[PDB]
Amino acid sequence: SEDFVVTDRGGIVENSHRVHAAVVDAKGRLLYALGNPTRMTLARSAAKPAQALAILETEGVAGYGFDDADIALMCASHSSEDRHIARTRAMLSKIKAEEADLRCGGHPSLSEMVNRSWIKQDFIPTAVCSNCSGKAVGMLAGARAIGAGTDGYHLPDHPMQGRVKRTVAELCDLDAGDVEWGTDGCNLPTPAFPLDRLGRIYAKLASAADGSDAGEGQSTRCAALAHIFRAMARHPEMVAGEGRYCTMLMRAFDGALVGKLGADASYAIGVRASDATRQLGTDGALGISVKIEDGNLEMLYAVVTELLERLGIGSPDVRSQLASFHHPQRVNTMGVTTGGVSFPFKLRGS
């Protein structure tokens, strides 16, 4: 319950960060934990697959012809690379909308390399550049498809947001009153719920992929969840971008899992059934959710990668692709290694 990731300088403690984590089975039963696995947590962008489900289940959205890469962008916190802007624009054209219809705003890119190119060009990002631009187009598409107004598609009382709110609570297996709502950076409602339920959503994503693969009689919702999983795993560069953790993680695993960042250092992973998950004592898919209490992203990726190693998910060779995130560099202005990162926590079985 007192689980930390700790950085040091010469073996002297620099910073410490409290970790919360839940590892759950396909029905949401808690298998392993760090910290408080039920911590009430703002899922932020890690809720995007659930919002994408609400979009995909909206009557008429199928008629726009969104493809897997478009769905991956709905699920993205992308780096605002030119390819992400181009896909956003292509999605707007599918619904006969324009950039002025977006209700999210521009921001500095999540990628330092993109941001430096923008600074060099004096480029001011606009709505089409938002990391949430794919979700925004999807919400616009849903509003248009049912003949709702589009001007306020992001407002809490709009029917698209009522659909989102209902869909999030159903995927979490929670009553409406057990999900709290704030406003996100992109100006949409954003949910908070117990951390283990974030893992449950991702377990359900990977379980649906397994059941699609196995040729089971799936509900339309399970079919849609399987589609979302497949889309993210097939187009992981749309979900984040070059050099980004989510993209590198999903590329290394080549369809065995999906992963997604939430702002302020949450992370979620859906893991398809494998020899590794069977060794962990479950017969189906699993979900992992993590929150770093103080919000540090570098520590989040270090911890997530350490957790994958402790859980035996992947091979050493596969996980070696994430080495730069697992043990972040601590090299000073003269090339000297001054410190490191340590994981003095123990996963508890529960």
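Residue numbers run from 1 along the displayed sequence.
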Task: Mean temperature factor over C-alpha atoms, higher-scoring stretch between 215-223 and 235-243 - done: 215-223
Task: Selected stretch [higher average CA B-factor]: 260-268 or 172-180 - done: 172-180
- [ ] Tell me, please, which of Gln279, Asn187, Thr88, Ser130 has the highest C-alpha B factor according to the deposited entry?
- [x] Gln279
- [ ] Specify which of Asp196, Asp101, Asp82, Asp210 carries the largest Cα B factor in the deposited PDB entry.
- [x] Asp210
- [ ] Pull the Cα B-factor of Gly295 out of the PDB entry and bin it into the chain's lowest, middle or highest third.
- [x] lowest
Open item on the list: Lowest, middle or highest third: which one holds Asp70 when the chain's residues are ordered by CA B-factor from the entry?
Closed with: lowest
Task: Chain-relative CA temperature factor third for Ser93 - done: lowest
Open item on the list: Is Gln329 in the lowest, middle or highest third of its chain when residues are ranked by C-alpha B-factor?
Closed with: highest
TODO: Give the position of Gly147 by CA B-factor within its chain, expressed as the lowest, middle or highest third.
DONE: highest
